[PDB]
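K.L.:
opening with a subset of the complex:
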Amino acid sequence: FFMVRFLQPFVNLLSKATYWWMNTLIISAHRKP
Amino acid sequence: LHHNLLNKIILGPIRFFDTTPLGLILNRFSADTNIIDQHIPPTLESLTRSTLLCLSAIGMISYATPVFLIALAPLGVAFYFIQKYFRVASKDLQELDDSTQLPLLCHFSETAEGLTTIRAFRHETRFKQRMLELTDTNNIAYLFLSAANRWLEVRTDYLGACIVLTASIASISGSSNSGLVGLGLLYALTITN
Amino acid sequence: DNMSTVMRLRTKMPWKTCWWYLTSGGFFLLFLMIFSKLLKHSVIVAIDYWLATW
Amino acid sequence: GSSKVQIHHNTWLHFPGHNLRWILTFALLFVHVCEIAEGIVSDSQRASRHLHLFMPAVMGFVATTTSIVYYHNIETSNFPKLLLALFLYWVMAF
């Protein structure tokens, strides 16, 4: 081509913890503080 | 600091002192003396104890088990890099915190300071509209600073877990005597933290 | 303000300053302080080694 | 790496059944651990480090983690052709 109930927040909590939101800034806060 | 700081500035001309601001000089006399009396010594003592203990535990676990000497090359080097990363990142974040709280408290200094001048100036309710941004404008930075510290711990935590697996393999590999394996495993668990 | 230097001085400033800080505060730090700290740490390590040996 | 939008503000995780795949894959990894584990126990009992039991499993745990990493990367960076390659890989194990 050119281009159901299962809802919870444990899964975000289980595999998206304390390391993503600031990940880009923390590695490379050089000259863009 | 006390004998030297006073000694340096007593013998000088009034022109420069009345040309550069007084506030910075007062700060140099007060805040920095507080920091060096109160802050630098305990920080240095704590840092030296922690660094030396981490080095000692790593050294113990490497002596007690020969494979550790090869095994210990990559991980600590990566930790070195990560250390430098935080060694700047949060520094910048602390700077951000250092200023983020300057205006907002002064605003609550203002609205209160205008005890009656803004009481019935018909602009009272619109005042909340702007106020409700500053609070967020500060707590947002607060969470970011907290998050930087958290990220370091998480990275550190996973690094620590890797060391334990290595030591465990080494211990079953070592099997020299119960005393050796016990000391090695316990010190790895100590260095974890 | 001195952004090029600040980038060059992004980190790894402390050693010269801290050396001024420590030396003044401490003469013969290497044995009086440094030596005591190293001795205590090695003593704790030897305590562990003796516990293993026993 | 190879006209560009935000990295993650809006497109956090939009792909078909995003909640489900991770939910299952974790179970597969745990099952693989038990298989190793089972062998890991079994190998001591057997005569000369027979490795049929342990490794087939070790390779599988590593492969499963790797598969998951490719789906996550394929997810952050939209590239739906990639996932087609992974589907063929999931079908050669069954």
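P.N.:
Nice, thanks for sending it over. Numbering: from 1, shown residues only, chains lettered A, B, ... in the order given.
K.L.:
just the helices in chain B please.
P.N.:
B:2-9, B:14-19, B:22-34, B:40-64, B:67-113, B:124-174, B:178-191 (DSSP state H).
K.L.:
which among those helices is found nearest to residue A:1?
P.N.:
Smallest distance to residue A:1 across the helices of chain B (Cβ to Cβ): 40.6 Å, for helix B:124-174. No exception for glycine: its C-beta is placed from N, CA and C like everyone else's.
K.L.:
of the helices of chain B, flag the one that's most buried.
P.N.:
helix B:178-191 (a mean of 18; mean count of other Cβ atoms under 10 Å in any protein chain shown).
K.L.:
what residues does chain A put near chain B?
P.N.:
A:17, A:18, A:19, A:21, A:22, A:23, A:25, A:26, A:27, A:29, A:30, A:33 (Cβ under 8 Å from any Cβ of the partner chain).
K.L.:
could I have the PyMOL command that selects the buried members from the residues you listed?
P.N.:
In PyMOL, this line selects whichever of the residues of chain A next to chain B come out buried by 16 or more other Cβ atoms under 10 Å in any protein chain shown:
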select buried, chain A and resi 18+19+22+25+26+29+33
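K.L.:
dump the residues of chain A next to chain B to TSV, plus secondary structure and distance to chain C.
P.N.:
Listed next are these as TSV, based on DSSP: H, G, I helix; E, B strand; the rest coil; distance: Cβ to the nearest Cβ, whole Å:
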residue	secondary structure	distance to chain C
A:17	coil	28
A:18	coil	24
A:19	coil	22
A:21	coil	23
A:22	coil	18
A:23	helix	20
A:25	helix	15
A:26	helix	14
A:27	helix	14
A:29	coil	9
A:30	coil	7
A:33	coil	9
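K.L.:
will you turn the residues of chain A next to chain B into TSV that also has distance to residue B:89?
P.N.:
Listed next are those as TSV, based on distance: Cβ to Cβ, whole Å:
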residue	distance to residue B:89
A:17	18
A:18	14
A:19	13
A:21	13
A:22	8
A:23	11
A:25	7
A:26	5
A:27	8
A:29	5
A:30	10
A:33	9
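K.L.:
which one of the residues of chain A next to chain B is nearest residue D:25?
P.N.:
residue A:17 (17.7 Å).
K.L.:
got the contact list for the closest one?
P.N.:
residue B:154 (Cβ atoms under 8 Å, 6 or more residues apart in numbering or on different chains).
K.L.:
let's put chain E on the structure above:
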Amino acid sequence: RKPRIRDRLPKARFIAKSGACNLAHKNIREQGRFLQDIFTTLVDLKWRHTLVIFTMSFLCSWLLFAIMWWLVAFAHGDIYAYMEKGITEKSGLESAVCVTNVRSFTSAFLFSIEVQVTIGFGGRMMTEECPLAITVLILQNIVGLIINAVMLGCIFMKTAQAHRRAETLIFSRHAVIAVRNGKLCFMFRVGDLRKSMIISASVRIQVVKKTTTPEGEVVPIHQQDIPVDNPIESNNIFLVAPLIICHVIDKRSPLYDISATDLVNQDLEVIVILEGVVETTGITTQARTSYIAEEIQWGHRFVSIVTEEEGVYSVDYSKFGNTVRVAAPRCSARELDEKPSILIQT
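P.N.:
Take a look at chain E, now in place beside the chains above:
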């Protein structure tokens, strides 16, 4: 400048002093990232990454086809035929060992290396029994030549792009405005560091501003050119020593309105885009700089940077942005232009 301190975001900076196009596109029709894109990223890597991908690719191919060969020498009942130590190898001749003297995966891997990189130690040759092995050998050699060619192309193209090191064209970090030859003039300094010349050079100066129209339309980011004031009206320039590229404004250009007080609140931004083809490389390069209102130190005049040494001229580059604040009239942009009764408003 506490207002500017809280206004650090509000700022008319269309292009950053570095040169990039600080902008934001959105709501676009991103069709996807088709496969070939990844290959292009392969070309434009750096040496450490290119070397890593190179070596990793060779080793992955070798190990993979070694695993395949190991399976092959397993299924044909070959490893067992060798493992029978009734003799040194009692019945290992007639059984048609599919690949001669392939004993274990390590040995099969040695064979993979020996057959892909064209070494061929002879001690372990393909035999005349198993067609499956011949099929895998054909596949091995075809994939080997394609991978070899592609990696060679990658390494070569990172070699043939060694002419490009970095664009080095230098502007006066600040502008300058003054009076020269009787009328107001706008200046800027341009210099070069590379030894090689820049052929067919050209410069263009544009004003970016938000405009209004009598009919009613408003063009948010409006661009308008300005003359580059050369002697015979031509945007050519010879660049041996650095010089001063002065776009003096009379009436048509938008400098008639300028008032000295207004510069802090001024909304116009000057952009300079110059370009030319490098003589010894053949690449068309283009360098761009931005002159924001905060950097226009009005009233100054530029310094001289040419001295007679012994027989050959010497030139400095330290004094680029240094200026001597020669006195000049104030806000005469309209006063001096729209000549008063004196016709000498200065």
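K.L.:
next, count neighbours for the residue of chain E found nearest chain A.
P.N.:
Among the residues of chain E, residue E:31 lies closest to chain A, at 6.4 Å counting by Cβ to the nearest Cβ. Here the count is done by other Cβ atoms under 10 Å in any protein chain shown, and residue E:31 has 8 residues near it.
K.L.:
measure it to residue E:274 for me?
P.N.:
35 Å (Cβ to Cβ, to the nearest Å).
K.L.:
and if you look at residue E:201?
P.N.:
The gap separating residue E:201 from residue E:274 is 7 Å, by Cβ to Cβ.
K.L.:
name the helices or strands packed onto the helix or strand containing residue E:206?
P.N.:
Residue E:206 belongs to strand E:198-209 when assigned by DSSP states H and E. Contact analysis of strand E:198-209 by 3 or more Cβ pairs under 8 Å, 6 or more residues apart in numbering or on different chains; DSSP states H and E lists strand E:222-226, strand E:269-278 as its packing neighbours.
K.L.:
out of those, which is closest to residue E:77?
P.N.:
Relative to residue E:77, the nearest member of the helices and strands packed on strand E:198-209 by Cβ to Cβ is strand E:269-278, separated by 66.6 Å.
K.L.:
most tightly packed of the helices and strands packed on strand E:198-209?
P.N.:
On a mean-neighbour basis (criterion: mean count of other Cβ under 10 Å), the most buried of the helices and strands packed on strand E:198-209 is strand E:269-278, at a mean of 18.
K.L.:
what's the longest helix in chain C?
P.N.:
The single longest helix within chain C, with elements called by DSSP H, is helix C:34-53.
K.L.:
chain center to it, what's the gap?
P.N.:
In terms of Cα atoms, centre = their mean, to the nearest Å, the centre of helix C:34-53 is set 18 Å apart from its chain centre.
K.L.:
contacts for the strand holding residue E:206 next, please.
P.N.:
E:12, E:14, E:190, E:192, E:221-226, E:228, E:235-239, E:245, E:247, E:253-254, E:267-279, E:285.
K.L.:
please report how far residue E:18 lies from chain C.
P.N.:
12 Å (Cβ to the nearest Cβ, to the nearest Å).
K.L.:
now do the SS call for that residue.
P.N.:
In three-state terms, and counting by DSSP: H, G, I helix; E, B strand; the rest coil, residue E:18 is coil.
K.L.:
append chain F to the structure above:
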Amino acid sequence: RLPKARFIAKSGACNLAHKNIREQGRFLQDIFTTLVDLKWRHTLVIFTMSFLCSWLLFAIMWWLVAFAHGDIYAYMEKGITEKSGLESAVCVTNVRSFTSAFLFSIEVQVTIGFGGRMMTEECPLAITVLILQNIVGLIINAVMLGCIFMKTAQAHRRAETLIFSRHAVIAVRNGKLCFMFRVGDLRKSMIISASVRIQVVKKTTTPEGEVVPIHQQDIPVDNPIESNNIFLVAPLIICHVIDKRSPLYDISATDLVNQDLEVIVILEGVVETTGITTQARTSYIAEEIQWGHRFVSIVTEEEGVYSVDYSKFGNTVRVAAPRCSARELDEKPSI
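P.N.:
Time to bring in chain F:
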């Protein structure tokens, strides 16, 4: 019915016939040029087919060579263990069947060369075949490496991706009629030394009685110094002042509908990322020019940095503009 074909299709690709052109034939240089300019899905096939055909053909020749000297004939009738077979004039040691000869080829050309299959100096035919095989192998290898590299080298560029606006607007500007279209970009590297040109193409006569069915009449893009060059990093509106010297003078909205006309816009420049020249074109027909629909702004003012959008590219708000001629526009400027 069928409208007279646009001298330029909307996407470009001038669709004009070409009849009674004397054939230039063909040349094998052309076959090679077709080879180089392939796409991967066929290169990685023609390449493989060349290799496999090469190996099989030379293996057949090898089999014949090992047949004539009777290599096969000596080998097959073997006694218990081996006394008769090894010492006689075999031409290529240990080739005794096709598959064997095939393996000998695949060991000779691709340069593996194990060693179970050695070749002796007793059969001149064998020496000539070896030389020929090796030369053919080198030539095929060189040309295929050249092709693969040429793709790995010139795949730094992609399909021309330039976007013009859909429509065109006859609007009012500076108290005068005007012509406008939009030219944007989705590419990465800013075009270098770009230029824009506008050509009106319509059938014209000449007072000395001669017609020219598709004229071309360049027409001046407005600019404060009349410079065809144009900087572009955000979508732009390449304007066109209209005057009694410009070829659009005699049109009002009433007469627009059933009018034979066109506008072709061709702009050219060198992309710096690929370092290669390129030009893109569009063409607006009579029915495609929405009168009076002055263009809708795009660039906004975000806090730190400006911002643009692309969903609302061709939004045409409408404003009042005179529904009259251009000559009459200056005939009666009273109100």
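K.L.:
and the neighbour count of residue E:31, now that chain F is part of it?
P.N.:
9.
K.L.:
for the one 3 residues further on, same thing?
P.N.:
Around residue E:34 sit 11 other residues, with neighbours defined as other Cβ under 10 Å.
K.L.:
wasn't it part of a strand?
P.N.:
No - according to three-state DSSP, residue E:34 belongs to no strand; its state is coil.
K.L.:
closest residue of chain B to chain D?
P.N.:
For chain B, Cβ to the nearest Cβ, closest residue to chain D: residue B:172, 11.5 Å.
K.L.:
compute the distance between that residue and residue B:192, please.
P.N.:
As judged by Cβ to Cβ, residue B:172 and residue B:192 stand 19 Å apart.
K.L.:
got it, and residue D:45?
P.N.:
33 Å.
K.L.:
ok, these two, which is more surrounded?
P.N.:
Counting neighbours by other Cβ under 10 Å for residue D:45 and for residue B:192 shows that residue B:192 has the greater number, 15 against 7.
K.L.:
quick one: residues contacting that one.
P.N.:
By Cβ under 8 Å, 6+ apart, the neighbours of residue B:192 are B:160, B:161, B:163, B:164.
K.L.:
could you do residue B:128 as well?
P.N.:
Contacts of residue B:128 by Cβ under 8 Å, 6+ apart: none found.
K.L.:
which parts of chain A sit against chain D?
P.N.:
Residues of chain A lying close to chain D (Cβ under 8 Å from any Cβ) are A:6, A:7, A:11, A:15, A:24.
K.L.:
residue E:288 should be in a strand, yeah?
P.N.:
Yes - using three-state DSSP, the secondary structure at residue E:288 is a strand.
K.L.:
what about it, how many neighbours?
P.N.:
Residues near residue E:288, counting by other Cβ under 10 Å: 21.
K.L.:
just give the nearest non-adjacent residue to it, would you?
P.N.:
Using Cβ to Cβ, 6 or more residues apart in numbering or on different chains and skipping residues adjacent in sequence, the residue nearest residue E:288 is residue E:273, 4.6 Å away.
K.L.:
what residues are up against that neighbour?
P.N.:
Shown in contact with residue E:273 (Cβ under 8 Å, 6+ apart): E:203, E:204, E:206, E:286, E:287, E:288, F:231.
K.L.:
what residue in chain C comes nearest to chain B?
P.N.:
Counting by Cβ to the nearest Cβ, chain C gets nearest chain B through residue C:52, at 3.2 Å.
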